[PDB]
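input10.pdb follows (PDB, C-alpha atoms):
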ATOM      1  CA  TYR A  16      25.582 -27.242  -3.678  1.00  0.00           C
ATOM      2  CA  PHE A  17      28.950 -28.242  -2.181  1.00  0.00           C
ATOM      3  CA  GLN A  18      31.330 -26.894  -4.812  1.00  0.00           C
ATOM      4  CA  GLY A  19      34.065 -24.776  -3.241  1.00  0.00           C
ATOM      5  CA  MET A  20      33.010 -25.378   0.329  1.00  0.00           C
ATOM      6  CA  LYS A  21      35.427 -25.879   3.152  1.00  0.00           C
ATOM      7  CA  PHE A  22      34.589 -28.359   5.894  1.00  0.00           C
ATOM      8  CA  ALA A  23      36.078 -28.232   9.438  1.00  0.00           C
ATOM      9  CA  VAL A  24      36.125 -31.758  10.870  1.00  0.00           C
ATOM     10  CA  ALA A  25      36.784 -32.573  14.520  1.00  0.00           C
ATOM     11  CA  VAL A  26      39.043 -35.692  14.344  1.00  0.00           C
ATOM     12  CA  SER A  27      40.748 -38.214  16.576  1.00  0.00           C
ATOM     13  CA  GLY A  28      42.564 -41.165  14.970  1.00  0.00           C
ATOM     14  CA  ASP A  29      41.064 -40.412  11.524  1.00  0.00           C
ATOM     15  CA  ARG A  30      37.540 -40.708  12.945  1.00  0.00           C
ATOM     16  CA  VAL A  31      34.993 -37.905  13.372  1.00  0.00           C
ATOM     17  CA  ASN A  32      34.671 -37.022  17.052  1.00  0.00           C
ATOM     18  CA  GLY A  33      33.226 -34.176  19.100  1.00  0.00           C
ATOM     19  CA  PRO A  34      34.220 -30.497  19.025  1.00  0.00           C
ATOM     20  CA  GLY A  35      35.423 -30.232  22.606  1.00  0.00           C
ATOM     21  CA  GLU A  36      37.458 -33.406  22.774  1.00  0.00           C
ATOM     22  CA  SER A  37      38.836 -34.227  19.356  1.00  0.00           C
ATOM     23  CA  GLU A  38      42.578 -34.224  18.978  1.00  0.00           C
ATOM     24  CA  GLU A  39      42.665 -32.202  15.734  1.00  0.00           C
ATOM     25  CA  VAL A  40      40.773 -29.904  13.487  1.00  0.00           C
ATOM     26  CA  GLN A  41      41.075 -30.922   9.819  1.00  0.00           C
ATOM     27  CA  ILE A  42      39.991 -28.543   7.053  1.00  0.00           C
ATOM     28  CA  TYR A  43      38.955 -30.012   3.724  1.00  0.00           C
ATOM     29  CA  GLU A  44      38.097 -28.232   0.513  1.00  0.00           C
ATOM     30  CA  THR A  45      35.835 -29.799  -2.150  1.00  0.00           C
ATOM     31  CA  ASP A  46      34.488 -29.261  -5.656  1.00  0.00           C
ATOM     32  CA  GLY A  47      31.521 -31.488  -4.729  1.00  0.00           C
ATOM     33  CA  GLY A  48      33.297 -34.780  -5.430  1.00  0.00           C
ATOM     34  CA  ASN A  49      37.015 -34.355  -5.095  1.00  0.00           C
ATOM     35  CA  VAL A  50      38.167 -33.494  -1.558  1.00  0.00           C
ATOM     36  CA  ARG A  51      41.541 -32.179  -0.423  1.00  0.00           C
ATOM     37  CA  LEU A  52      43.020 -31.685   3.070  1.00  0.00           C
ATOM     38  CA  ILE A  53      44.166 -28.077   3.113  1.00  0.00           C
ATOM     39  CA  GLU A  54      44.996 -27.604   6.803  1.00  0.00           C
ATOM     40  CA  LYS A  55      45.132 -29.466  10.052  1.00  0.00           C
ATOM     41  CA  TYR A  56      46.085 -28.464  13.559  1.00  0.00           C
ATOM     42  CA  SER A  57      45.792 -29.512  17.190  1.00  0.00           C
ATOM     43  CA  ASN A  58      42.315 -28.706  18.482  1.00  0.00           C
ATOM     44  CA  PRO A  59      42.455 -25.453  20.490  1.00  0.00           C
ATOM     45  CA  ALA A  60      39.515 -26.713  22.561  1.00  0.00           C
ATOM     46  CA  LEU A  61      41.948 -28.988  24.379  1.00  0.00           C
ATOM     47  CA  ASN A  62      43.651 -25.931  25.957  1.00  0.00           C
ATOM     48  CA  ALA A  63      40.315 -24.356  27.098  1.00  0.00           C
ATOM     49  CA  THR A  64      39.167 -24.947  30.694  1.00  0.00           C
ATOM     50  CA  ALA A  65      35.516 -24.339  29.827  1.00  0.00           C
ATOM     51  CA  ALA A  66      33.249 -24.101  26.804  1.00  0.00           C
ATOM     52  CA  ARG A  67      35.553 -26.408  24.893  1.00  0.00           C
ATOM     53  CA  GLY A  68      33.115 -27.123  22.056  1.00  0.00           C
ATOM     54  CA  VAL A  69      32.472 -23.449  21.512  1.00  0.00           C
ATOM     55  CA  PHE A  70      36.190 -22.767  21.322  1.00  0.00           C
ATOM     56  CA  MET A  71      36.722 -25.473  18.648  1.00  0.00           C
ATOM     57  CA  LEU A  72      33.844 -23.940  16.686  1.00  0.00           C
ATOM     58  CA  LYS A  73      35.386 -20.459  17.053  1.00  0.00           C
ATOM     59  CA  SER A  74      38.606 -21.891  15.708  1.00  0.00           C
ATOM     60  CA  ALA A  75      36.741 -23.314  12.688  1.00  0.00           C
ATOM     61  CA  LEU A  76      35.269 -19.877  12.049  1.00  0.00           C
ATOM     62  CA  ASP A  77      38.774 -18.277  12.363  1.00  0.00           C
ATOM     63  CA  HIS A  78      39.978 -20.775   9.793  1.00  0.00           C
ATOM     64  CA  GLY A  79      37.326 -19.886   7.198  1.00  0.00           C
ATOM     65  CA  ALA A  80      35.301 -23.104   7.309  1.00  0.00           C
ATOM     66  CA  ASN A  81      31.827 -23.039   5.748  1.00  0.00           C
ATOM     67  CA  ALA A  82      30.480 -26.184   7.413  1.00  0.00           C
ATOM     68  CA  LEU A  83      31.291 -28.392  10.408  1.00  0.00           C
ATOM     69  CA  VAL A  84      31.527 -32.214  10.594  1.00  0.00           C
ATOM     70  CA  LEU A  85      31.130 -33.478  14.176  1.00  0.00           C
ATOM     71  CA  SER A  86      29.891 -36.514  16.093  1.00  0.00           C
ATOM     72  CA  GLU A  87      27.856 -34.322  18.525  1.00  0.00           C
ATOM     73  CA  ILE A  88      27.166 -30.697  19.415  1.00  0.00           C
ATOM     74  CA  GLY A  89      25.851 -29.132  22.583  1.00  0.00           C
ATOM     75  CA  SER A  90      23.461 -26.191  23.004  1.00  0.00           C
ATOM     76  CA  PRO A  91      26.074 -23.455  23.612  1.00  0.00           C
ATOM     77  CA  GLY A  92      28.028 -24.581  20.541  1.00  0.00           C
ATOM     78  CA  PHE A  93      24.942 -24.906  18.316  1.00  0.00           C
ATOM     79  CA  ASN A  94      23.738 -21.428  19.361  1.00  0.00           C
ATOM     80  CA  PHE A  95      27.209 -20.017  18.651  1.00  0.00           C
ATOM     81  CA  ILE A  96      27.455 -21.403  15.128  1.00  0.00           C
ATOM     82  CA  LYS A  97      23.940 -22.026  13.813  1.00  0.00           C
ATOM     83  CA  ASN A  98      23.490 -18.825  11.747  1.00  0.00           C
ATOM     84  CA  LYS A  99      27.147 -18.879  10.559  1.00  0.00           C
ATOM     85  CA  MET A 100      27.386 -22.253   9.016  1.00  0.00           C
ATOM     86  CA  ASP A 101      25.909 -25.636   8.715  1.00  0.00           C
ATOM     87  CA  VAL A 102      26.635 -28.475  11.096  1.00  0.00           C
ATOM     88  CA  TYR A 103      26.617 -32.074   9.882  1.00  0.00           C
ATOM     89  CA  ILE A 104      26.365 -34.643  12.698  1.00  0.00           C
ATOM     90  CA  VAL A 105      27.752 -38.021  11.734  1.00  0.00           C
ATOM     91  CA  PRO A 106      28.638 -41.350  13.370  1.00  0.00           C
ATOM     92  CA  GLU A 107      32.154 -41.672  14.802  1.00  0.00           C
ATOM     93  CA  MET A 108      33.438 -42.936  11.457  1.00  0.00           C
ATOM     94  CA  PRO A 109      36.393 -42.431   9.068  1.00  0.00           C
ATOM     95  CA  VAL A 110      36.581 -38.847   7.808  1.00  0.00           C
ATOM     96  CA  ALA A 111      36.390 -39.713   4.102  1.00  0.00           C
ATOM     97  CA  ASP A 112      33.379 -41.956   4.641  1.00  0.00           C
ATOM     98  CA  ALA A 113      31.537 -39.197   6.516  1.00  0.00           C
ATOM     99  CA  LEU A 114      32.371 -36.594   3.902  1.00  0.00           C
ATOM    100  CA  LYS A 115      31.085 -38.925   1.167  1.00  0.00           C
ATOM    101  CA  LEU A 116      27.707 -39.235   2.864  1.00  0.00           C
ATOM    102  CA  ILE A 117      27.498 -35.498   3.424  1.00  0.00           C
ATOM    103  CA  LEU A 118      28.442 -34.563  -0.141  1.00  0.00           C
ATOM    104  CA  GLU A 119      25.906 -37.098  -1.484  1.00  0.00           C
ATOM    105  CA  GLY A 120      23.070 -35.457   0.429  1.00  0.00           C
ATOM    106  CA  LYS A 121      22.635 -38.283   3.008  1.00  0.00           C
ATOM    107  CA  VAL A 122      23.104 -36.081   6.098  1.00  0.00           C
ATOM    108  CA  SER A 123      20.861 -33.048   6.505  1.00  0.00           C
ATOM    109  CA  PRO A 124      22.252 -30.070   8.469  1.00  0.00           C
ATOM    110  CA  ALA A 125      21.430 -30.174  12.155  1.00  0.00           C
ATOM    111  CA  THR A 126      18.549 -27.974  13.316  1.00  0.00           C
ATOM    112  CA  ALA A 127      19.109 -28.655  17.031  1.00  0.00           C
ATOM    113  CA  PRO A 128      21.930 -29.691  19.269  1.00  0.00           C
ATOM    114  CA  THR A 129      22.422 -33.373  19.978  1.00  0.00           C
ATOM    115  CA  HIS A 130      22.678 -32.747  23.728  1.00  0.00           C
ATOM    116  CA  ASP A 131      21.218 -29.831  25.756  1.00  0.00           C
ATOM    117  CA  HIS A 132      21.618 -29.054  29.474  1.00  0.00           C
ATOM    118  CA  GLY A 133      20.796 -25.340  29.261  1.00  0.00           C
TER     119      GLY A 133
END
Translate this structure into structure tokens?
Amino acid sequence: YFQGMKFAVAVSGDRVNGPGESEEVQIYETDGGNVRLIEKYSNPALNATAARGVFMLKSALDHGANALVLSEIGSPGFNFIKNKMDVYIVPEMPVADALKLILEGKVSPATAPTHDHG
């Protein structure tokens, strides 16, 4: 399932955090078991005044990610991304530990946002 996929992770201090507030976007490539960091950059969301989560997600799309790894996602962001790639919501935990759970099938893709004020 996961062979070749690229994951965009929203990260602060090597922990998975939320799309609008994380310090960095980290892009990992996998063969299903081995994982490699192929890119990382300051989260563009931090420069947005509004719709910060959406703008991190747009950045992930720009960067060719196939899936997202986040601690949360709002309604605007989920509606933006939901037909473009999968979102895996995880605890605010170390990146490698989250990716292990995801790759081992222990985190099903989100079908709804985790918060909604629409």
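Between residue A:52 and the residues A:102, A:95, A:112, A:24, the shortest atom-to-atom distance, using all atoms listed in the file, involves A:24.
Nearest-residue note for residue A:45: choosing from A:31, A:111, A:25, A:96, the minimum distance belongs to A:111, counting all atoms listed in the file.
With distances taken over all atoms listed in the file, A:20 is the one residue among A:113, A:20, A:88, A:82 lying closest to residue A:51.
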Within 6 Å of residue A:35, counting only C-alpha atoms, which residues show up once you throw out same-chain ones fewer than 6 positions away? Write them as a ChimeraX atom specification, please.
/A:60,67-68
Restricted to C-alpha atoms, what would the selected residues look like written as a PDB file, in the coordinates of the input?
ATOM      1  CA  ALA A  60      39.515 -26.713  22.561  1.00  0.00           C
ATOM      2  CA  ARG A  67      35.553 -26.408  24.893  1.00  0.00           C
ATOM      3  CA  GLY A  68      33.115 -27.123  22.056  1.00  0.00           C
TER       4      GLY A  68
END
Atom CA of residue A:79 to atom CA of residue A:21, straight-line distance in Å
7.5 Å
If we count all atoms listed in the file, what is near residue A:131 at a cut-off of 9 Å, once residues fewer than 5 positions away on the same chain are taken out, given as a PyMOL selection string?
chain A and resi 88-91
Which one is closest to residue A:109: A:85, A:66, A:133, A:59? Count only C-alpha atoms.
A:85
Let me know the residues the PyMOL selection byres ((chain A and resi 87) around 8) catches in the file above, as an mmCIF file with C-alpha atoms, in the coordinates of the input.
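Contents of expr_36.cif, freshly written:
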data_model
loop_
_atom_site.group_PDB
_atom_site.id
_atom_site.type_symbol
_atom_site.label_atom_id
_atom_site.label_comp_id
_atom_site.auth_asym_id
_atom_site.auth_seq_id
_atom_site.Cartn_x
_atom_site.Cartn_y
_atom_site.Cartn_z
ATOM 1 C CA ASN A 32 34.671 -37.022 17.052
ATOM 2 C CA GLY A 33 33.226 -34.176 19.100
ATOM 3 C CA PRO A 34 34.220 -30.497 19.025
ATOM 4 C CA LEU A 85 31.130 -33.478 14.176
ATOM 5 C CA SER A 86 29.891 -36.514 16.093
ATOM 6 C CA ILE A 88 27.166 -30.697 19.415
ATOM 7 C CA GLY A 89 25.851 -29.132 22.583
ATOM 8 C CA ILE A 104 26.365 -34.643 12.698
ATOM 9 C CA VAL A 105 27.752 -38.021 11.734
ATOM 10 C CA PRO A 128 21.930 -29.691 19.269
ATOM 11 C CA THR A 129 22.422 -33.373 19.978
ATOM 12 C CA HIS A 130 22.678 -32.747 23.728
#
If the PyMOL selection byres ((chain A and resi 124) around 8) were run on this exact file, what residues would it hold? Put them as a count of residues only.
8
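Near residue A:114, within 9 Å and counting only C-alpha atoms, sit residues 22, 50, 84, 109, 110, 118 and 119 of chain A; same-chain residues fewer than 4 positions away were not included.
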Requested write-out: C-alpha atoms of the selected residues, as a compact mmCIF listing (two decimals), in the coordinates of the input:
# COMPACT_ATOMS: atom_id res chain seq x y z
CA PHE A 22 34.59 -28.36 5.89
CA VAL A 50 38.17 -33.49 -1.56
CA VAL A 84 31.53 -32.21 10.59
CA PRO A 109 36.39 -42.43 9.07
CA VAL A 110 36.58 -38.85 7.81
CA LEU A 118 28.44 -34.56 -0.14
CA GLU A 119 25.91 -37.10 -1.48
Figure out the distance between atom CA of residue A:36 and atom CA of residue A:77, please, to one decimal in Å.
18.4 Å
Axis-aligned box over every listed atom of stretch 77-80 of chain A, padded by 6 Å per side: centre and edges in Å to one decimal, as AutoDock Vina command-line options?
--center_x 37.6 --center_y -20.7 --center_z 9.8 --size_x 16.7 --size_y 16.8 --size_z 17.2
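Straight-line separation from atom CA of residue A:81 to atom CA of residue A:62: 23.6 Å.
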Nearby residues (all atoms listed in the file) at most 6 Å from residue A:30, same-chain spacing under 2 positions excluded, as a compact mmCIF listing (two decimals) with C-alpha atoms, in the frame of the given file:
# COMPACT_ATOMS: atom_id res chain seq x y z
CA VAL A 26 39.04 -35.69 14.34
CA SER A 27 40.75 -38.21 16.58
CA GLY A 28 42.56 -41.16 14.97
CA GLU A 107 32.15 -41.67 14.80
CA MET A 108 33.44 -42.94 11.46
CA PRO A 109 36.39 -42.43 9.07
CA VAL A 110 36.58 -38.85 7.81
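Considering all atoms listed in the file, the residue among A:94, A:18, A:49, A:41 positioned nearest to residue A:75 is A:41.
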Hey, what's within 10 Å of residue A:56 if we count all atoms listed in the file and toss same-chain stuff fewer than 5 positions away? As an mmCIF file with C-alpha atoms, in the coordinates of the input, please?
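Dumped to out-v7.cif:
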data_model
loop_
_atom_site.group_PDB
_atom_site.id
_atom_site.type_symbol
_atom_site.label_atom_id
_atom_site.label_comp_id
_atom_site.auth_asym_id
_atom_site.auth_seq_id
_atom_site.Cartn_x
_atom_site.Cartn_y
_atom_site.Cartn_z
ATOM 1 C CA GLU A 38 42.578 -34.224 18.978
ATOM 2 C CA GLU A 39 42.665 -32.202 15.734
ATOM 3 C CA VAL A 40 40.773 -29.904 13.487
ATOM 4 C CA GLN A 41 41.075 -30.922 9.819
ATOM 5 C CA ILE A 42 39.991 -28.543 7.053
#
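Counting all atoms listed in the file and comparing A:100, A:65, A:116, A:71, the residue that lies closest to residue A:48 is A:116.
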Just save stretch 87-105 of chain A with N, CA and C atoms, as a short mmCIF file (atom, residue, chain, number, x, y, z; two decimals), in the first residue's frame.
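The resulting file, result-v1.cif, is reproduced below:
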data_model
loop_
_atom_site.label_atom_id
_atom_site.label_comp_id
_atom_site.auth_asym_id
_atom_site.auth_seq_id
_atom_site.Cartn_x
_atom_site.Cartn_y
_atom_site.Cartn_z
N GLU A 87 -4.18 17.37 14.00
CA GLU A 87 -5.53 17.97 13.95
C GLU A 87 -5.75 18.48 12.53
N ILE A 88 -7.01 18.70 12.18
CA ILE A 88 -7.32 19.37 10.91
C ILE A 88 -8.70 19.95 11.05
N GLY A 89 -8.87 21.19 10.58
CA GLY A 89 -10.13 21.86 10.62
C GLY A 89 -10.95 21.58 9.35
N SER A 90 -12.18 22.10 9.34
CA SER A 90 -13.08 21.89 8.20
C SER A 90 -12.57 22.51 6.90
N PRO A 91 -12.13 23.79 6.89
CA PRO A 91 -11.63 24.34 5.63
C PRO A 91 -10.47 23.49 5.08
N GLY A 92 -9.52 23.13 5.94
CA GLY A 92 -8.39 22.34 5.49
C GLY A 92 -8.80 20.95 5.00
N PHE A 93 -9.67 20.27 5.72
CA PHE A 93 -10.13 18.95 5.29
C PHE A 93 -10.86 19.04 3.95
N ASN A 94 -11.74 20.03 3.78
CA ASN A 94 -12.41 20.20 2.48
C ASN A 94 -11.45 20.51 1.35
N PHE A 95 -10.39 21.26 1.64
CA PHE A 95 -9.36 21.57 0.63
C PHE A 95 -8.67 20.32 0.13
N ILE A 96 -8.27 19.44 1.03
CA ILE A 96 -7.39 18.33 0.72
C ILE A 96 -8.08 17.00 0.49
N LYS A 97 -9.31 16.82 0.97
CA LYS A 97 -9.81 15.43 1.15
C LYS A 97 -9.85 14.50 -0.09
N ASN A 98 -10.12 15.07 -1.27
CA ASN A 98 -10.08 14.33 -2.51
C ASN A 98 -8.71 14.31 -3.19
N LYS A 99 -7.69 14.90 -2.58
CA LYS A 99 -6.35 14.99 -3.16
C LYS A 99 -5.32 14.13 -2.48
N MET A 100 -5.49 13.95 -1.17
CA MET A 100 -4.75 12.90 -0.54
C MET A 100 -5.26 12.58 0.81
N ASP A 101 -4.69 11.54 1.36
CA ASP A 101 -5.17 11.07 2.65
C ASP A 101 -4.54 11.87 3.78
N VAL A 102 -5.31 12.03 4.85
CA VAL A 102 -4.87 12.67 6.06
C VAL A 102 -4.86 11.67 7.19
N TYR A 103 -3.72 11.53 7.85
CA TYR A 103 -3.57 10.68 9.03
C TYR A 103 -3.40 11.58 10.26
N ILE A 104 -4.38 11.53 11.16
CA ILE A 104 -4.38 12.27 12.41
C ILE A 104 -3.79 11.38 13.45
N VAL A 105 -2.75 11.89 14.08
CA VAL A 105 -2.00 11.20 15.14
C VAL A 105 -1.84 12.03 16.41
#
